[PDB]
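Topology and contacts: notes
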Amino acid sequence: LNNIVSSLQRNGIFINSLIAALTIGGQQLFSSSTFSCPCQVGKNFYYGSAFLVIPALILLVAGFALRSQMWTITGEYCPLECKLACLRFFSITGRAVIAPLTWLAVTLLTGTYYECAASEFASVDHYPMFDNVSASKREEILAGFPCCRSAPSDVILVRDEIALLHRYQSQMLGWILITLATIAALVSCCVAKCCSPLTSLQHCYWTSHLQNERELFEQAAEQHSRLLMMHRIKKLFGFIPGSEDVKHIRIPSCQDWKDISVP
Amino acid sequence: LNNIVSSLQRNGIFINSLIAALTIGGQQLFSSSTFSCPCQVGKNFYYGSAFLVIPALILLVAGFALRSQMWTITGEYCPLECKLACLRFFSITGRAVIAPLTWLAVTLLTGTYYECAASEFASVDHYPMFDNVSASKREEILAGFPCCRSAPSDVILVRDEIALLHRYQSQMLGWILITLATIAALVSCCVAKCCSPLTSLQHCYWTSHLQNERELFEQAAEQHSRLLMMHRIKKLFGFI
Amino acid sequence: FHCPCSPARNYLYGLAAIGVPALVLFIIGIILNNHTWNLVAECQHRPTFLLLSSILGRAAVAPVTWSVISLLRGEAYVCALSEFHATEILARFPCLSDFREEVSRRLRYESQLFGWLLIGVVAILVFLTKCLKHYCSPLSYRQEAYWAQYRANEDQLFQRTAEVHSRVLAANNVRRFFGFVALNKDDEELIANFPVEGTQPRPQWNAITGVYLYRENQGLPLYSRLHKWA
Amino acid sequence: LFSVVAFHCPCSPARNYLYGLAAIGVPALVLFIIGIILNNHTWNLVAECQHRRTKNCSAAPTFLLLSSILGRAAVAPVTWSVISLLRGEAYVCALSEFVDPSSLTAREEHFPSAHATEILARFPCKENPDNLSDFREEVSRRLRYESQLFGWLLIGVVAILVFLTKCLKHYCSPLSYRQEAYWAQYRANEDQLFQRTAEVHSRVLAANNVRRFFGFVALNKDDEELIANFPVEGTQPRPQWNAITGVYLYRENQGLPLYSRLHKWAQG
Amino acid sequence: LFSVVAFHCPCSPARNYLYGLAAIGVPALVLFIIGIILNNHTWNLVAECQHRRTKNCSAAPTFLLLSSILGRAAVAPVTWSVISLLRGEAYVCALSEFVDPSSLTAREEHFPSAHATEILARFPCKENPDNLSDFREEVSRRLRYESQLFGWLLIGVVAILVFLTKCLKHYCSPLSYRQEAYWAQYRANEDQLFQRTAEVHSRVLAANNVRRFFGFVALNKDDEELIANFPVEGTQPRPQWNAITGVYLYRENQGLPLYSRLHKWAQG
Amino acid sequence: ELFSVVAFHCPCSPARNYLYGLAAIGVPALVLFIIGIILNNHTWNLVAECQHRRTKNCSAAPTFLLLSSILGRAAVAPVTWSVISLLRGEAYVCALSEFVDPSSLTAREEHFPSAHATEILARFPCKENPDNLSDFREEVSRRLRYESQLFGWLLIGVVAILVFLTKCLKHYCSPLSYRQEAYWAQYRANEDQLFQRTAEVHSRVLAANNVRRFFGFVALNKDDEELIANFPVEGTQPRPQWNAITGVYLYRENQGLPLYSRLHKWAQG
Amino acid sequence: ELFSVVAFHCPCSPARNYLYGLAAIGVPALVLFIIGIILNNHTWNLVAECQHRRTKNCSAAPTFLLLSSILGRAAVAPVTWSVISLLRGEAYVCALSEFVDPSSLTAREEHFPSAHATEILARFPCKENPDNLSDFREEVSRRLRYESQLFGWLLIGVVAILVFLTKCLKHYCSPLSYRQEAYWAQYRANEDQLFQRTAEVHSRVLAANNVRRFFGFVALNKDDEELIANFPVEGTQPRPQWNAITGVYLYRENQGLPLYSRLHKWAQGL
């Protein structure tokens, strides 16, 4: 039964779906817990914009870095070898970039981050209520109502309209981004099915072979290290550990401990 | 099942995650237990500073002591030998410093600590009625208001502005530290990949050799240590 | 728990509320380990300060953990400074609103401030002392591990041989008294398997008891006071 | 069950302090007795005078044994007395009438001077007017402190006493603790197999007596081999029995340590 | 059920103390009478008074044993007297009518003197005016104090007696205590084997009589071995039974102790 | 629910309930007492002793020891039911409700009506009394319950003394050491187990030997075949032979060795 | 809810309920009495005794000693039903509520009307009484219930004496000691249970011996195959042979030995 779970774990679509669901849940928890939408007139666009970008950037970097094989790819970087490196890089990038795309999409769909983000950028010259011959209190109240300040002075309905407008735009952006992303994927796949010299079945076989041989060589290296250490003990103490020791014992002296300290 | 649990323990990804969850949960109760946000006018910046870094620092002290490897490194120290040790030191450092920033980040993103830490250093020039030419009550009220003195005397607006601006500063101070930690981890592994003469494939052999070098030798020591004892008893009492 | 509020007497409780329950825990630790009596035996019969701290600190964990956890609640320290006619009312606060508010926060502020000092001291002590002793000790940790395992296997086998060697003794005397032995099923082969040759002399066991720190002879490593007795 | 064994303060002057002594001391007193009875060291020490009737052993050799006996049975009195003091039920009931009204503070002078003791006596029974609840509370909290203060230092007294005696016992005794561990284990092990042999030798004699009366003895399967394994002829004379009981302090015979009077009797 | 034997206090003057005496004395008496009968050490003593018909034996040897009879059977009344006194319901219902109105406390001189005894009688049953409830509560605790007071000190005097009797027993018994322990294990071992053989030697004689009548005795699988392994030819003489019943005080035979009359009979 | 059937319901009426209470407790005691005699085999052989002689040869004094045993053993059932009812007290209070003297009443002033006294007192157990006399009703209820329990505790006390006197004197005046009597009491209760057990087996075997001669075979279970195979029957035992093992038996000794049961006496011819 | 159907329902009406009281207590008593006779095998061999002789030569001396046993082993069932109803009290109170004397009510003054005393008293068991007489009803209801509960306890006493009287006479007048009667009691049941068991088997073997002749083979279960392989039959038992083991048997001794069943008398060949 657990073998089936591991088999589905090998399915990349399932692991990417798990990543997307986990990122969406984390974003929802973060928004519901620790956002608070600071309401300062001076720099409020900064807070929302940072909330939009920094989590996406750190998730992208984490996805790129958590894959060990990309380090080897870069080391080789720093014919067919170039094509294979490009294919592996694209395949790893896909999973590296799925999560930040999910974060951006869900944030835009929710709309709160964009709502608090570009709120002071709203156009109010159309509305005749906001005269503000001072020209400064207008920006103050504009940044002030979207966060938590109702300020029930007839402006609330206006503010909702403004909010609605921004929210509407947010949704579009999300979907717009989504559209572009999908388009990119398609053309990206085109490259992976146009510049690739290997057959479609050849690529999957080759990847399975690479994973098999990597695991096999790791196991072989561990076993070789184990055998080398076993040999070191059977040459120092004169007996093989884990076997019948009642035959001989070296009884090493003080000078013998220094020899095994070399590695 | 149980073997799977130990097998996943070998991987270092879960080890970092396991420590992170414990720190946040204990902090969420400890911060609400005996923190209480005091408003010591004379010295409250000490209060915020003490329980923002020091409880994280002891984990680093614990982290170094939790590994028997670095004691041997100190003994050898007190070349290729340094190159291998430096990689081990980096790997030891990687698993040892995750916890202190873990608690540091969540406190910064919480915003409760900084409010009670650097309230007295805030700027009061904007508000026109924190004049206080005597320059005595201003320090006290600035370092007295945010704790439990709501003071609905036409100053609550400042207390929201001060807290929110600091909380934004607290929130902004959060990721920036997160960003630098990610940056340092990225280059250090890249440095460890280029500076180390051994290939990553050859790195696996050596690292696997390190993890079983402690076990096999220790097992040999135990068998030899015991077999001596019975032969002493044979001479003493004649019992195996 | 119980928090007395009497003026000029609460500070007595705070010391008793933590110090007395802490020290008894320390006493339990030294009693349970058998290493303390080894030093007592060695001094009775006859540079060893490094060994004393190693065993003393091992039992120090239980008294230490009680001291900090009590300060974590913090009600212990609120009695101390508050006590030091209106002063009595301050002690009645945990049991003139401006006067009581300022002192109460001051007490809790100092309570955790003093509470975390020991933890910082603890980390330094467990770190520096462990490092210096190993550096001071000429033997390597591999030798130290073998030294520890030599002692670890010593006590389990001595207890194992003590019990068996006791039965082969006691059975003889009761046999001389009654005329037979009502030994159990598993113990029937015990007498036959190990017929003891007699009772060993008292000074013979006295020599192997005491403190021993690697007094190597002729290049042959020796680890225990019984080891040199061979 | 637990309802019968409980504390209820008789709120009466010159009477409750007797109850506190009785409701705790006597249960402690009986527990002190119980430890003596179960321990086997007392009777042989008691039987020591019987076989001599002359005081052959001097005070100095025999004073050493007396120290161990009382401490072993002292576990019960201390494991109970401090518990009640921790609850503080005894102290509040006992010395409430003896609390000096002059030291009463944290309140204006309201307690009547006509019957100060009588009012104090009724505090534990929750019988007190609400105006004197403050007066009741301050003493109740004060007595609870003193009781707990008394109770806590009792544990320390126990803690130091065992610690100092143990090293003193090791220092005074000429034997290493490793020697003592084996010797103490021998007594704790020779007694058990002595008792088991007693029943087997008891039954064998018992079976033989019945057979001589009925003509046949009905034994279970395991008792069948008991007759075959350990057949006896008679008994052991009273002087032989007497040479076993009593006290013994590590005699030595030509370098051979002896650990029991039976071992002393073993050599003849 | 417990409801039947539950204590119901008749709140009446000069009447409830009679009931408390009956509701406590009789259950104490019924337990004591049970104790004597079950203890087998009394019947042989009774049988001892029969066979001699002269009283040759003096009282002094009997007195040491006679204490072991009443004392061993006195545990049941004591543990029943204690719980009743510790429960306290019986005592308050016993002495309610004897509370002195003058010695009443916790209230002013408000208690009526019209019929004090009648009013004092109805205290245990909550049949009292609310104005006198303070008086009732005061005596509800003062009386309950005495019961719990009497219970604990009566426990103590019993407790010291156990130690006093046991220590004197080891002081006066000529044999050593460890030998006595063997003697104790012999009495149980003989009694069981004798009793176990009593059934078997009854059954064999039973089957040997039914068979002579029917011509065959129906026995299950396990009882079949009883006939095969244990054949009998007859019964035992009445004097032979008459020589292994009674009391026995450590008669030594030629340096060999004898532990039971049967053993004394086994030596001829 | 049979508990509701035999429940004690007090008919509150003058000169009527005590008659009921007499027949609501005594009669079950009589039934319990009758059961004890019927089941106890020590009374049939005593009856069987009176039938074979037809002359009254045997003296009463030797038989009085056994005559006291049947009544004594069966006396538990009335006592354990008379006592239980007394302690419960419901039986007594309804019985003696109408005898309480109104003048001697306590706990209240002399306001008890005397126009129809017994009528009101008779109604006390059923609680059908005006609340103006509730104190009186409770006072009589408690006082009467007191006498029941005091009588009940007295009753159990008397029985315990009687048992003590009975067993002490029985062991004293019996001519056998009490250890031998235990063996004897472990015989009669052991013979009767075997005698009953073979009564069926020598019956069933005689049953099969009759059906077989009629049908031509006998149906049997697996175990019953062992009964026919192991234990064969030849005929029946004579009626006078049965007559020699029924009755009372009082330690008749032979030659100096005891015979414990009358069957054992016949087993020696 | 079968017991719910047979539940008592008192018809409150003068001169009417006591009929219902009789016919809702007597009839189940009569049904229980009849069942006792029908199922009691000792009553059939009594009937078959007078059947086959066709003359009734035998006198009443041997019949009466058995006839009491026929009722005695069966009359217990009506009594344990008659007594149960009386103890419940429902049967009596509804039966006799009409007869309560209008001058014998107590616990109330003279408030009983005299217009229709029998009618109003008849409805007491149904609790359909005006609240001005609730004292009267709770007096009559509790008084009548006494009379029933007194009669029920007395009736138990009478059986408690008749049983002891009979059990004494049945052991004092019979010519056999009780220990022998227990054998004779343990033989009548031992034979009858064997007879019924062996009748079924010899029936089945005879049946399987005819079906085979009609089909050429017989279907039998695995355990039933053992029956045919063990108990073969040759024919049937003649009627006169079946007619000598039916009837009443009275301890006919043979040549100084006893016979315990009428079948046993035939077993010796008599």
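Residues numbered from 1 in each chain as written, not as in the entry; some residues may be left out. Chains lettered and ligands numbered in written order. Part of a larger assembly, values for the part shown. Heavy atoms only, no water. Residues with missing side-chain atoms left out of burial classes, pairs and counts.

Judging from the entry metadata, cryo-EM is the method by which this structure was determined, and 3.84 Å is the reported resolution.

Bringing the overall build of chain A into the picture now. The helix and strand tally for chain A stands at 10 helices and 0 strands. For 263 residues, the compact-globule estimate of 2.2 N^0.38 gives 18 Å, and the C-alpha radius of gyration of chain A, at 30 Å, exceeds that figure by more than 25%. By its C-alpha atoms, chain A is 100 × 55 × 45 Å across when sized along the principal axes. Here chain A holds 263 residues, and 29% of them are scored as buried. Within the structure as shown, chain A displays about 16,700 Å² of accessible surface, and the carbon and sulfur contribution to it stands at 67%. (Helix = DSSP H or I, 4+ residues; strand = E, 2+ residues; numbered from the N terminus. Rg over C-alpha atoms; globule rule 2.2 N^0.38 Å. Buried < 20%, exposed > 50% of the residue type's maximum accessible area, 1.4 Å probe, protein only. Areas by Shrake-Rupley, 256 points an atom, 1.4 Å probe, with all protein chains shown as cover.)

The next subject is the overall build of chain C. Helices and strands together make up the secondary structure of chain C, namely 11 helices and 0 strands. Going from N to C terminus, chain C has its helices and strands arranged as α-α-α-α-α-α-α-α-α-α-α. Oriented by its inertia axes, the alpha-carbon framework of chain C measures out at about 85 × 50 × 30 Å.

Attention now moves to the pattern of salt bridges. Under the criterion given, the structure shown has 37 salt bridges over all chains. Between A:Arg226 and A:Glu222 there is a salt bridge whose closest N-O contact spans 3.1 Å. Of this pair, A:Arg226 and A:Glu222 are both found in helix 9 (residues 200-236), 4 residues apart, which corresponds to roughly one turn of the helix. Overall, the relative accessible area of 36% leaves A:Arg226 in the partly exposed class. We note a salt bridge from F:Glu139 to F:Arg142, for which the minimum N-O separation is 3.0 Å. Of this pair, F:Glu139 and F:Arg142 both sit in helix 8 (residues 134-173), 3 residues apart, which is roughly one turn of the helix. There is no split in this pair, since F:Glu139 and F:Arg142 are both buried. Three or more residues joined by partner-sharing salt bridges are found here, namely E:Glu118, E:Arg122, E:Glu127, F:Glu139 and F:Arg142. (Salt bridge = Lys/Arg side-chain N within 4 Å of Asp/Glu carboxyl O.)

Take the nonpolar core next. Formed by 68 residues in total, the largest nonpolar core has its most connected members in E:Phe194, F:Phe195, F:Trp242 and G:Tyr260. Sorting the residues of this core by element identifies helix 8 (177-214) of chain D, helix 8 (177-214) and helix 9 (221-229) of chain E, helix 9 (178-215) and helix 10 (222-230) of chain F together with helix 9 (178-215) and helix 12 (262-267) of chain G as the ones contributing at least two each. When neighbours within four sequence positions are excluded, E:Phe194 is seen to be in contact with D:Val210, D:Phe213, D:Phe214, E:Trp241, E:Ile244 and E:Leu262. (Core = buried A, V, L, I, M, F, W, Y, C linked by side-chain atoms within 4.5 Å. Contact = heavy atoms within 4.5 Å.)

In the structure shown here, the tally under the stated rule is 104 aromatic pairs over all chains. With a centroid separation of 6.5 Å and 25° between ring planes, the pair formed by D:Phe214 and D:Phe216 is classed as stacked. In terms of burial, D:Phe214 and D:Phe216 fall into one category: buried. Put simply, the rings of D:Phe213, D:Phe214, D:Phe216, E:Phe194, E:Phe230, E:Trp241, E:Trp265, F:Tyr183, F:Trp184, F:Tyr187, F:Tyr251 and F:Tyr260 pair up and form one aromatic cluster. In this arrangement the basic side chain of C:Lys130 is found over the ring face of B:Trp71, its NZ or CZ atom lying 4.3 Å from the centre. The residue whose ring lies beneath C:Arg176 is D:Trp265, and the NZ or CZ to ring-centre distance is 5.1 Å. (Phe/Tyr/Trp six-rings, centres within 6.5 Å; stacked < 30°, edge-to-face > 60°. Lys NZ or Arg CZ within 6 Å of the ring centre and 35° of its normal.)

Take the packing of helix 5 (residues 76-88) of chain F against helix 8 of chain F next. All names here are of chain F. Two elements in contact, helix 5 and helix 8, have axes separated by 7 Å at closest approach and are oriented at 155°. In terms of orientation, helix 5 and helix 8 fall into the roughly antiparallel class. In this structure, the crossing between helix 5 and helix 8 has a hand that is left-handed. Contacts between helix 5 and helix 8 pair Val79, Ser82, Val83, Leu86 and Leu87 from the former with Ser148, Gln149, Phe151, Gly152, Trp153, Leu155, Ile156 and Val159 from the latter. Split into classes, the residues belonging to the contact of helix 5 with helix 8 amount to 9 nonpolar, 4 polar and no charged. (Axes fitted to C-alpha atoms, helices over the stretch in contact; angles between N-to-C directions. Parallel < 35°, antiparallel > 145°, perpendicular 65-115°, else oblique. Left-handed = near helix turned anticlockwise from the far one by under 90°. Nonpolar A, V, L, I, M, F, W, Y, C, P; charged D, E, K, R; others polar.)

All names here are of chain C. Measuring from sulfur to sulfur, the annotated disulfide partners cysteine 3 and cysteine 79 are 6.5 Å apart, too distant to count as bonded by the 2.5 Å criterion. Here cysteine 3 lies in the segment before helix 1 (10-32). Here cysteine 79 lies in helix 5 (residues 75-83). For the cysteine pair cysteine 5 and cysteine 95, annotated in UniProt as disulfide-linked, the sulfur atoms lie 2.0 Å apart, consistent with the bond being present. (Disulfide = S-S within 2.5 Å. UniProt positions renumbered as here; feature names shortened; annotations may be inferred.)

There is a patch of nonpolar side chains on the surface, built from A:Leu109, A:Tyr168, A:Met172, A:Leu173, A:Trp175, A:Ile176, A:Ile178, A:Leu180 and A:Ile183 and spanning about 870 Å² of accessible area. Counting residues per element, the nonpolar patch draws most heavily on helix 8 (residues 155-192) of chain A, at 8 residues. (Patch = residues over 30% accessible without salt bridge, like charges linked within 9 Å, V, L, I, M, F, W, Y side chains within 5 Å.)

Once that is clear, we can look at the UniProt feature "disulfide bond" in chain A. With its sulfur atoms placed 2.0 Å apart, the pair A:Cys37 and A:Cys116 listed by UniProt as a disulfide is counted as bonded here, the threshold being 2.5 Å. Each member of the pair, A:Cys37 as well as A:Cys116, is classed as buried.

A few words on the UniProt feature "transmembrane region" in chain A. Residues and elements named next belong to chain A. This chain's UniProt record puts "transmembrane region" on residues 11-33, 45-67, 89-114 and 169-192. Taken as a whole, residues 11-33 contains 96% helix and 0% strand, while its terminal C-alpha atoms sit 33 Å from one another. The distance from the first to the last C-alpha atom of residues 89-114 is 32 Å, and the span holds 96% helix and 0% strand.

This brings us to the environment of E:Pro231. All names here are of chain E. Turning to its location among the elements, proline 231 is positioned in the loop between helix 9 and helix 10 (238-242). By relative accessible area, which is 62% here, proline 231 ends up exposed. In this structure the C-alpha to C-alpha distance between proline 231 and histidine 201, which are 30 residues apart in sequence, comes to 8.8 Å.

This part covers the state of the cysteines. For the coordinates displayed, the defined rule picks out 13 disulfides over all chains. A:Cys37 shares a disulfide with A:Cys116; S-S distance 2.0 Å. Because the torsion about its S-S bond is -115°, the bridge between A:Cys37 and A:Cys116 counts as left-handed. The partner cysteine of E:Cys11 in its disulfide is E:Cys125, sulfur to sulfur 2.0 Å. On the S-S bond that ties E:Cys11 to E:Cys125, the torsion sits near 105°, and the link is right-handed. Taken together, the residues span a long stretch of sequence, with E:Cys11 in the segment before helix 1 (16-38) and E:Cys125 in the loop between helix 6 (116-121) and helix 7 (133-172) at a distance of 114 residues.

This brings us to the arrangement of the chains. Chain D shows no contact with chain F. Their nearest C-alpha atoms sit 12 Å apart. The two units chain B and chain G never meet; even their closest C-alpha atoms stay 51 Å apart.

So, about the interface of chain F and chain E. Accessible area lost upon the coming together of the parts serves often as the stated size of an interface. Counting residues at the interface gives 56 residues for chain F, matched by 57 residues for chain E. Three residues, F:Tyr146, F:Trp153 and F:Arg179, lead the burial of chain F against chain E; their summed loss comes to 14% of the area buried on that side. One salt bridge in this structure joins F:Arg142 and E:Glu127, with 2.4 Å as the shortest N-O distance. Our enumeration of links across chain F and chain E arrives at 17 residue pairs in polar contact. Sorting the residues of the side of chain F that touches chain E by element identifies helix 5, helix 8, helix 9, helix 11 (239-243), strand 2 (257-258) and helix 12 (262-267) of chain F as the ones contributing at least two each. Tallying contributions element by element places helix 8 of chain F first for the side of chain F that touches chain E, with 17 residues. (Buried area = accessible area lost by both parts, 1.4 Å probe. Polar contact = N/O pair within 3.5 Å; in protein donor to acceptor, adjacent residues only side chain to side chain.)

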